[PDB]
file model_18.cif (mmCIF, C-alpha atoms and all ligand atoms)
data_data
loop_
_atom_site.label_atom_id
_atom_site.label_comp_id
_atom_site.auth_asym_id
_atom_site.auth_seq_id
_atom_site.Cartn_x
_atom_site.Cartn_y
_atom_site.Cartn_z
CA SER A 1 79.47 -47.36 55.04
CA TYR A 2 81.89 -47.42 52.12
CA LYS A 3 84.79 -47.19 54.60
CA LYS A 4 84.38 -50.94 55.11
CA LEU A 5 85.14 -51.46 51.41
CA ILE A 6 88.33 -49.42 51.79
CA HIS A 7 89.39 -51.54 54.77
CA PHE A 8 88.62 -54.70 52.78
CA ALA A 9 90.70 -53.52 49.83
CA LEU A 10 93.74 -52.49 51.87
CA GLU A 11 93.64 -55.77 53.82
CA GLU A 12 93.37 -57.86 50.64
CA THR A 13 96.13 -55.89 48.88
CA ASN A 14 98.51 -56.64 51.77
CA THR A 15 98.05 -60.37 51.14
CA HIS A 16 99.27 -59.96 47.53
CA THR A 17 102.08 -57.43 48.19
CA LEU A 18 103.10 -54.84 50.80
CA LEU A 19 101.59 -51.37 50.65
CA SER A 20 103.75 -48.43 51.61
CA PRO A 21 102.46 -44.95 52.53
CA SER A 22 102.21 -42.50 49.65
CA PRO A 23 103.89 -39.10 50.19
CA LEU A 24 100.49 -37.55 49.39
CA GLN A 25 99.39 -38.61 52.88
CA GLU A 26 101.35 -35.62 54.21
CA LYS A 27 99.17 -33.21 52.21
CA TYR A 28 95.79 -34.98 51.72
CA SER A 29 94.18 -36.79 54.64
CA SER A 30 91.25 -34.87 56.12
CA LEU A 31 89.37 -31.86 54.77
CA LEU A 32 86.15 -30.24 55.96
CA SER A 33 83.60 -28.63 53.69
CA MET A 34 83.26 -24.85 53.86
CA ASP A 35 80.15 -25.05 56.08
CA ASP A 36 82.09 -27.50 58.32
CA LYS A 37 79.25 -30.07 58.24
CA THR A 38 80.83 -32.62 55.86
CA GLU A 39 84.19 -34.38 56.10
CA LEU A 40 86.36 -35.63 53.25
CA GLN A 41 88.66 -38.52 54.21
CA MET A 42 91.60 -39.38 51.98
CA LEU A 43 94.11 -42.24 51.97
CA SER A 44 96.99 -42.94 49.61
CA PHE A 45 99.48 -45.79 49.20
CA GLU A 46 101.87 -47.34 46.71
CA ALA A 47 103.39 -50.76 46.05
CA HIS A 48 106.03 -52.29 43.81
CA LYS A 49 103.65 -52.46 40.84
CA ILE A 50 101.18 -49.75 41.97
CA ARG A 51 102.08 -46.11 41.33
CA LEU A 52 99.15 -44.86 43.43
CA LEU A 53 96.35 -46.50 45.36
CA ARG A 54 94.16 -43.72 46.73
CA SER A 55 90.69 -43.32 48.19
CA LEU A 56 88.34 -40.43 48.88
CA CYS A 57 85.38 -41.09 51.18
CA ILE A 58 82.63 -38.62 52.05
CA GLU A 59 79.97 -39.30 54.71
CA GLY A 60 77.74 -36.24 54.94
CA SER A 61 75.18 -35.44 57.62
CA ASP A 62 72.19 -35.85 55.28
CA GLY A 63 72.52 -39.34 53.76
CA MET A 64 75.30 -38.54 51.27
CA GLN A 65 77.95 -41.23 50.96
CA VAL A 66 80.65 -41.02 48.31
CA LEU A 67 83.52 -43.36 47.47
CA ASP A 68 86.25 -42.74 44.89
CA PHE A 69 88.74 -45.62 45.00
CA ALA A 70 91.36 -46.18 42.30
CA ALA A 71 94.59 -48.09 41.74
CA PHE A 72 96.99 -46.62 39.18
CA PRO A 73 99.77 -48.99 38.03
CA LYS A 74 103.33 -47.99 37.35
CA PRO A 75 103.88 -47.59 33.58
CA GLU A 76 106.02 -50.76 33.52
CA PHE A 77 102.91 -52.84 34.41
CA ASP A 78 100.18 -52.42 31.78
CA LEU A 79 97.49 -53.49 34.27
CA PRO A 80 93.96 -52.14 33.98
CA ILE A 81 93.13 -49.24 36.28
CA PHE A 82 90.86 -50.35 39.10
CA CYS A 83 87.96 -47.90 39.35
CA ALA A 84 85.21 -47.60 41.97
CA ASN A 85 83.06 -44.44 41.91
CA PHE A 86 79.92 -44.62 44.08
CA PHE A 87 77.61 -41.62 44.57
CA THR A 88 74.86 -42.37 47.08
CA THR A 89 72.05 -40.35 48.63
CA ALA A 90 69.33 -41.41 51.05
CA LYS A 91 67.35 -42.81 48.11
CA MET A 92 69.57 -43.03 45.03
CA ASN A 93 72.81 -44.69 43.88
CA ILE A 94 74.86 -43.79 40.80
CA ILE A 95 77.61 -46.35 40.38
CA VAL A 96 80.64 -47.02 38.17
CA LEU A 97 82.74 -50.09 39.02
CA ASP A 98 85.27 -51.34 36.50
CA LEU A 99 88.73 -52.53 35.56
CA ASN A 100 89.31 -49.63 33.15
CA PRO A 101 91.49 -50.84 30.24
CA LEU A 102 94.81 -49.04 29.92
CA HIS A 103 94.88 -49.46 26.12
CA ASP A 104 92.19 -49.49 23.46
CA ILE A 105 89.85 -52.48 23.36
CA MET A 106 87.49 -51.12 20.68
CA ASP A 107 89.52 -51.76 17.52
CA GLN A 108 92.47 -53.91 18.63
CA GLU A 109 92.02 -57.31 20.28
CA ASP A 110 95.35 -58.23 21.95
CA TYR A 111 94.95 -56.18 25.14
CA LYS A 112 91.27 -57.15 25.47
CA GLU A 113 91.96 -60.89 25.34
CA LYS A 114 95.03 -60.54 27.59
CA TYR A 115 93.07 -59.18 30.56
CA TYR A 116 89.32 -59.79 30.09
CA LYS A 117 88.81 -63.19 28.41
CA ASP A 118 88.60 -65.00 31.77
CA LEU A 119 86.54 -62.18 33.36
CA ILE A 120 83.49 -62.16 31.06
CA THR A 121 81.77 -64.60 33.45
CA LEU A 122 82.26 -62.16 36.34
CA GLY A 123 80.83 -59.30 34.30
CA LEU A 124 77.87 -61.45 33.29
CA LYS A 125 77.05 -62.36 36.90
CA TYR A 126 76.69 -58.76 38.08
CA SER A 127 75.27 -57.21 34.90
CA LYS A 128 72.20 -59.28 35.77
CA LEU A 129 72.17 -58.13 39.40
CA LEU A 130 72.90 -54.44 38.71
CA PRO A 131 71.18 -53.32 35.50
CA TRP A 132 72.66 -50.98 32.91
CA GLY A 133 72.43 -47.39 34.13
CA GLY A 134 71.07 -46.11 30.81
CA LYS A 135 72.30 -43.40 28.49
CA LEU A 136 75.60 -41.82 29.49
CA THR A 137 78.35 -39.56 28.17
CA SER A 138 79.46 -41.30 24.97
CA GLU A 139 83.12 -40.33 25.43
CA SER A 140 83.16 -42.24 28.74
CA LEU A 141 82.81 -45.57 26.89
CA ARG A 142 86.32 -45.08 25.51
CA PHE A 143 87.59 -45.90 29.01
CA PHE A 144 85.23 -48.70 30.10
CA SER A 145 85.88 -52.45 29.87
CA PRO A 146 83.41 -55.12 28.68
CA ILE A 147 82.71 -56.02 32.34
CA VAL A 148 81.96 -52.46 33.50
CA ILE A 149 79.20 -52.10 36.08
CA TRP A 150 77.45 -48.83 35.22
CA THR A 151 74.18 -48.75 37.13
CA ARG A 152 71.59 -46.66 38.94
CA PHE A 153 69.42 -48.12 41.70
CA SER A 154 67.39 -47.05 44.70
CA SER A 155 68.86 -47.73 48.12
CA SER A 156 67.94 -50.98 49.86
CA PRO A 157 69.71 -53.55 52.05
CA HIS A 158 69.66 -56.02 49.15
CA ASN A 159 71.04 -53.60 46.54
CA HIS A 160 73.87 -52.34 48.76
CA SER A 161 74.67 -55.95 49.66
CA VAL A 162 75.03 -56.76 45.95
CA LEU A 163 77.17 -53.64 45.49
CA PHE A 164 79.54 -54.67 48.30
CA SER A 165 79.88 -58.18 46.82
CA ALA A 166 80.59 -56.71 43.38
CA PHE A 167 83.32 -54.38 44.68
CA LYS A 168 85.01 -57.27 46.51
CA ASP A 169 84.77 -59.71 43.59
CA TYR A 170 86.04 -57.09 41.13
CA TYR A 171 88.92 -56.01 43.37
CA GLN A 172 90.04 -59.59 44.04
CA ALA A 173 90.01 -60.19 40.28
CA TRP A 174 92.18 -57.10 39.78
CA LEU A 175 94.60 -58.39 42.43
CA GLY A 176 94.78 -61.67 40.51
CA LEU A 177 95.75 -59.72 37.40
CA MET A 178 98.39 -57.93 39.47
CA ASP A 179 99.90 -61.31 40.47
CA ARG A 180 100.43 -62.16 36.79
CA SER A 181 101.65 -58.70 35.69
CA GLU A 182 105.30 -58.88 34.62
CA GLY A 183 107.34 -55.72 34.20
CA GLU A 184 107.70 -54.29 30.72
CA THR A 185 111.25 -54.31 29.33
CA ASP A 186 110.85 -52.33 26.09
CA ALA A 187 111.49 -48.64 26.77
CA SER A 188 109.16 -47.23 24.12
CA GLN A 189 106.36 -49.56 25.23
CA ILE A 190 106.79 -48.13 28.74
CA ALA A 191 106.39 -44.66 27.21
CA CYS A 192 103.23 -45.82 25.42
CA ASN A 193 101.78 -47.17 28.68
CA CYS A 194 102.67 -43.87 30.34
CA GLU A 195 100.96 -41.69 27.73
CA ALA A 196 97.89 -43.93 27.85
CA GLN A 197 97.68 -43.43 31.62
CA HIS A 198 98.33 -39.67 31.37
CA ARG A 199 95.56 -39.41 28.77
CA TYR A 200 93.19 -41.28 31.12
CA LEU A 201 94.14 -39.00 34.01
CA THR A 202 93.71 -35.92 31.82
CA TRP A 203 90.19 -36.92 30.77
CA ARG A 204 88.95 -37.60 34.30
CA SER A 205 90.60 -34.57 35.90
CA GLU A 206 88.78 -32.33 33.40
CA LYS A 207 85.41 -34.09 33.00
CA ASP A 208 84.64 -36.56 35.84
CA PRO A 209 81.01 -35.92 36.90
CA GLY A 210 81.81 -35.61 40.62
CA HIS A 211 83.73 -32.35 40.21
CA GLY A 212 80.61 -30.24 40.66
CA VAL A 213 79.94 -31.87 44.04
CA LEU A 214 83.54 -31.34 45.20
CA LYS A 215 83.47 -27.65 44.21
CA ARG A 216 80.25 -27.18 46.19
CA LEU A 217 81.86 -28.79 49.26
CA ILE A 218 85.34 -27.23 49.43
CA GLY A 219 85.27 -24.46 46.80
CA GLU A 220 86.73 -24.14 43.32
CA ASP A 221 90.39 -23.65 44.25
CA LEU A 222 90.77 -26.55 46.69
CA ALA A 223 88.62 -28.86 44.56
CA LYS A 224 90.88 -28.33 41.54
CA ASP A 225 93.83 -29.03 43.83
CA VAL A 226 92.38 -32.30 45.15
CA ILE A 227 91.33 -33.32 41.63
CA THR A 228 94.62 -32.69 39.82
CA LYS A 229 97.11 -33.46 42.60
CA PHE A 230 95.36 -36.27 44.54
CA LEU A 231 92.52 -38.09 42.73
CA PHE A 232 94.25 -37.95 39.34
CA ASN A 233 97.78 -37.26 40.55
CA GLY A 234 100.01 -37.77 37.54
CA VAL A 235 98.31 -35.32 35.16
CA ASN A 236 101.18 -32.92 35.87
CA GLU A 237 104.06 -35.42 35.94
CA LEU A 238 103.38 -38.24 33.47
CA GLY A 239 103.03 -36.05 30.39
CA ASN A 240 102.91 -32.54 28.98
CA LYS A 241 99.91 -32.77 26.64
CA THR A 242 96.79 -30.84 27.63
CA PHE A 243 93.16 -31.93 27.57
CA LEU A 244 92.72 -30.14 24.24
CA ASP A 245 95.81 -31.92 22.87
CA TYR A 246 94.14 -35.29 23.51
CA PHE A 247 90.54 -34.24 22.75
CA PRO A 248 90.58 -31.36 20.23
CA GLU A 249 86.83 -31.79 19.65
CA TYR A 250 86.35 -29.88 22.93
CA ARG A 251 88.17 -26.74 21.75
CA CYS A 252 85.50 -24.05 21.86
CA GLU A 253 85.24 -20.99 19.60
CA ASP A 254 87.32 -19.04 22.16
CA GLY A 255 90.12 -21.62 22.45
CA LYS A 256 89.00 -22.89 25.87
CA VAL A 257 87.56 -26.24 26.91
CA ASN A 258 83.91 -26.61 25.93
CA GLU A 259 81.68 -26.52 29.01
CA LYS A 260 79.80 -29.57 27.75
CA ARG A 261 80.74 -32.86 29.38
CA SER A 262 79.94 -34.70 26.13
CA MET A 263 80.51 -33.33 22.60
CA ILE A 264 78.74 -36.37 21.13
CA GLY A 265 75.87 -36.45 23.62
CA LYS A 266 74.61 -39.20 25.88
CA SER A 267 73.87 -42.51 24.17
CA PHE A 268 73.83 -46.30 24.73
CA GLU A 269 70.48 -46.74 26.42
CA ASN A 270 71.23 -50.49 26.50
CA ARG A 271 74.48 -52.20 27.47
CA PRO A 272 76.74 -52.00 24.37
CA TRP A 273 78.41 -55.37 25.06
CA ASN A 274 76.74 -58.74 24.56
CA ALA A 275 76.88 -61.74 26.92
CA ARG A 276 80.25 -62.70 25.41
CA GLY A 277 81.84 -59.29 25.92
CA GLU A 278 81.76 -58.28 22.25
CA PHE A 279 81.02 -54.61 21.58
CA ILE A 280 77.71 -54.19 19.73
CA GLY A 281 76.80 -50.57 20.44
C1 LIG A 301 86.56 -42.85 32.82
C2 LIG A 301 85.97 -42.65 34.02
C3 LIG A 301 84.58 -42.49 34.57
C4 LIG A 301 83.88 -42.55 35.77
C5 LIG A 301 84.26 -43.20 37.09
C6 LIG A 301 82.45 -41.87 35.62
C7 LIG A 301 81.26 -41.90 36.35
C8 LIG A 301 79.85 -41.29 36.14
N1 LIG A 301 79.18 -40.52 37.12
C9 LIG A 301 77.90 -40.13 36.67
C10 LIG A 301 76.93 -39.27 37.49
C11 LIG A 301 77.04 -38.54 38.66
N2 LIG A 301 78.19 -38.63 39.58
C12 LIG A 301 78.00 -37.80 40.61
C13 LIG A 301 78.86 -37.51 41.83
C14 LIG A 301 80.06 -38.11 42.13
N3 LIG A 301 80.48 -39.18 41.33
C15 LIG A 301 81.73 -39.73 41.70
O1 LIG A 301 82.15 -40.67 41.04
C16 LIG A 301 82.19 -38.92 42.92
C17 LIG A 301 83.53 -39.28 43.58
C18 LIG A 301 81.21 -37.97 43.17
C19 LIG A 301 81.27 -36.97 44.27
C20 LIG A 301 82.23 -36.11 44.66
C21 LIG A 301 76.68 -37.06 40.49
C22 LIG A 301 76.28 -36.07 41.57
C23 LIG A 301 76.09 -37.49 39.32
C24 LIG A 301 74.76 -37.11 38.67
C25 LIG A 301 74.77 -35.73 38.03
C26 LIG A 301 75.65 -35.62 36.71
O2 LIG A 301 75.47 -36.54 35.92
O3 LIG A 301 76.36 -34.62 36.73
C27 LIG A 301 77.74 -40.68 35.33
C28 LIG A 301 76.47 -40.45 34.46
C29 LIG A 301 76.50 -39.07 33.87
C30 LIG A 301 77.26 -39.06 32.49
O4 LIG A 301 76.80 -39.87 31.73
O5 LIG A 301 78.14 -38.26 32.45
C31 LIG A 301 78.97 -41.41 35.01
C32 LIG A 301 79.35 -42.19 33.74
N4 LIG A 301 82.41 -41.60 34.23
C33 LIG A 301 83.68 -41.73 33.60
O6 LIG A 301 83.89 -41.26 32.49
CL CL A 302 70.54 -37.66 36.36
MG MG A 303 92.44 -63.75 51.43
MG MG A 304 86.17 -24.86 57.92
#

call {"tool": "encode", "arguments": {"input": "model_18.cif", "output": "structure tokens", "more": "lines below"}}
Ligand SMILES: C=CC1=C(C)/C(=C/c2[nH]c(/C=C3N=C(/C=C4\NC(=O)C(C)=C4C=C)C(C)=C\3CCC(=O)O)c(CCC(=O)O)c2C)NC1=O
Ligand SMILES: [Cl-]
Ligand SMILES: [Mg+2]
Ligand SMILES: [Mg+2]
result
Amino acid sequence: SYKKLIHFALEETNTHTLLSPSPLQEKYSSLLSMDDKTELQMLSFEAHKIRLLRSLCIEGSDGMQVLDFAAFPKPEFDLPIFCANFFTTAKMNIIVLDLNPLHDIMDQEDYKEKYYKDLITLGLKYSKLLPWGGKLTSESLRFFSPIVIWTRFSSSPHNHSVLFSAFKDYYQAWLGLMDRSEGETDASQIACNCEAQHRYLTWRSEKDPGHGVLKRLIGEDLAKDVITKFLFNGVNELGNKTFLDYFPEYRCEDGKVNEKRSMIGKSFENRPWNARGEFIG
């Protein structure tokens, strides 16, 4: 049960700071699927440095277990975004676990060395235990860190045990970053951190792979509501640019968003970072 990972994370967070209830708890807590057989459980909090810590947990009556757990920092704290997205069936697991970088780590080097230099060892430990998931939407790499755990594996006691240990080790590392995060003082830099987060939220609210599953469970209208106002809350408030403003490649011949998840196509059949965290893909 992924609920135990949520309990772990909330307990650990309250040893590094004090969580307060998010106002979203008044509008997003429990939601049944349309056929009433599956329950969506949602929690939301905030802290002095955390704009939104929220979780969605789904435990269906046929082996389906889903976890979407994220911590979004306030724009004054340029912390990575903690990201745990686990899609599990009775046999299969499709897993993304990462400290998503707020700013670009592809071309520039300052942000990458600021947050990930001391974490390469952690990424190396679990990249051996949870192998690269294979080819994936190329545009998604723009948001992944050198220590990302992208993996597919069949269910087993051993594999889920490794997954639990990875979540806990990665979340404790993120909390250690939070300890050291000092508030930004430059006003324009705060704006830059805010646009970077809004851009992140705009990508995922439009293209995150789990949206199809949510729409099947609770219908198009409520799914879009949960996506834009809970899971990626901030797409409406942190900026005015649209998805097509950030990613004009997706503008279709009709002026709408291209139905394709990936304009480039899926690539990177092998992990595109080496054992030292240098991008090689
Ligand atoms: C920057 C952010 C980021 C994240 C976290 C993410 C995860 C992610 N989920 C995937 C599959 C998948 N994910 C899901 C389902 C779910 N998945 C969930 O994370 C949840 C909460 C559900 C359920 C409601 C399913 C069903 C598949 C396989 C089918 C498909 O690929 O559409 C894939 C492989 C497919 C691809 O390459 O597109 C990735 C990279 N990708 C990103 O770009
Ligand atoms: Cl697939
Ligand atoms: Mg402790
Ligand atoms: Mg109902």

call {"tool": "residues_around", "arguments": {"input": "model_18.cif", "residues": "residue A:207", "least_positions_apart": "3", "cutoff": "7 Å", "atoms": "only C-alpha atoms", "output": "list in words"}}
result
residues 203, 204 and 261 of chain A

call {"tool": "atom_distance", "arguments": {"input": "model_18.cif", "atom1": "atom CA of residue A:170", "atom2": "atom CA of residue A:137"}}
result
23.1 Å

call {"tool": "atom_distance", "arguments": {"input": "model_18.cif", "atom1": "atom CA of residue A:12", "atom2": "atom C1 of ligand LIG 301 (chain A)"}}
result
24.3 Å

call {"tool": "residues_near_ligand", "arguments": {"input": "model_18.cif", "ligand": "ligand MG 303 (chain A)", "cutoff": "10 Å", "atoms": "only C-alpha atoms and all ligand atoms", "output": "number ranges by chain"}}
result
A: 8, 11-16, 172

call {"tool": "residues_near_ligand", "arguments": {"input": "model_18.cif", "ligand": "ligand CL 302 (chain A)", "cutoff": "10 Å", "atoms": "all atoms listed in the file", "output": "list in words"}}
result
residues 94, 135, 136 and 152 of chain A

call {"tool": "residues_around", "arguments": {"input": "model_18.cif", "residues": "residue A:32", "least_positions_apart": "5", "cutoff": "9 Å", "atoms": "all atoms listed in the file", "output": "list in words"}}
result
residues 37, 38, 39, 40, 41, 217 and 218 of chain A

call {"tool": "residues_near_ligand", "arguments": {"input": "model_18.cif", "ligand": "ligand MG 304 (chain A)", "cutoff": "8 Å", "atoms": "all atoms listed in the file", "output": "PDB file with C-alpha atoms, keeping the file's coordinate frame"}}
result
ATOM      1  CA  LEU A  32      86.150 -30.240  55.960  1.00  0.00           C
ATOM      2  CA  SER A  33      83.600 -28.630  53.690  1.00  0.00           C
ATOM      3  CA  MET A  34      83.260 -24.850  53.860  1.00  0.00           C
ATOM      4  CA  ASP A  35      80.150 -25.050  56.080  1.00  0.00           C
ATOM      5  CA  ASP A  36      82.090 -27.500  58.320  1.00  0.00           C
TER       6      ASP A  36
END

call {"tool": "closest_residue", "arguments": {"input": "model_18.cif", "among": "A:68, A:237, A:139, A:78", "to": "residue A:249", "atoms": "all atoms listed in the file"}}
result
A:139

call {"tool": "closest_atom_pairs", "arguments": {"input": "model_18.cif", "of": "chain A", "to": "ligand LIG 301 (chain A)", "cutoff": "8 Å", "atoms": "all atoms listed in the file", "output": "CSV"}}
result
residue,atom,partner,partner_atom,distance
A:56,CA,A:LIG301,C17,7.2
A:58,CA,A:LIG301,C20,7.8
A:66,CA,A:LIG301,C19,5.8
A:67,CA,A:LIG301,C17,5.6
A:68,CA,A:LIG301,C17,4.6
A:83,CA,A:LIG301,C5,6.4
A:84,CA,A:LIG301,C5,6.6
A:85,CA,A:LIG301,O1,4.0
A:86,CA,A:LIG301,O1,5.5
A:87,CA,A:LIG301,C14,4.9
A:94,CA,A:LIG301,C10,6.0
A:95,CA,A:LIG301,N1,6.9
A:96,CA,A:LIG301,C5,5.4
A:97,CA,A:LIG301,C5,7.3
A:100,CA,A:LIG301,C1,7.3
A:135,CA,A:LIG301,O4,6.6
A:136,CA,A:LIG301,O4,3.2
A:137,CA,A:LIG301,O4,3.9
A:138,CA,A:LIG301,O4,7.4
A:139,CA,A:LIG301,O6,7.2
A:140,CA,A:LIG301,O6,3.9
A:141,CA,A:LIG301,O6,7.1
A:142,CA,A:LIG301,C1,7.6
A:143,CA,A:LIG301,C1,5.0
A:144,CA,A:LIG301,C1,6.6
A:150,CA,A:LIG301,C32,7.1
A:200,CA,A:LIG301,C1,7.0
A:203,CA,A:LIG301,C1,7.2
A:204,CA,A:LIG301,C2,5.9
A:207,CA,A:LIG301,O6,7.3
A:208,CA,A:LIG301,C33,5.7
A:209,CA,A:LIG301,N2,4.7
A:210,CA,A:LIG301,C14,3.4
A:211,CA,A:LIG301,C20,6.0
A:212,CA,A:LIG301,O3,7.3
A:213,CA,A:LIG301,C20,4.9
A:214,CA,A:LIG301,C20,5.0
A:261,CA,A:LIG301,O5,6.7
A:262,CA,A:LIG301,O5,7.5
A:266,CA,A:LIG301,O4,6.3

call {"tool": "residues_around", "arguments": {"input": "model_18.cif", "residues": "residue A:202", "least_positions_apart": "4", "cutoff": "7 Å", "atoms": "all atoms listed in the file", "output": "list in words"}}
result
residues 198, 206, 235 and 243 of chain A
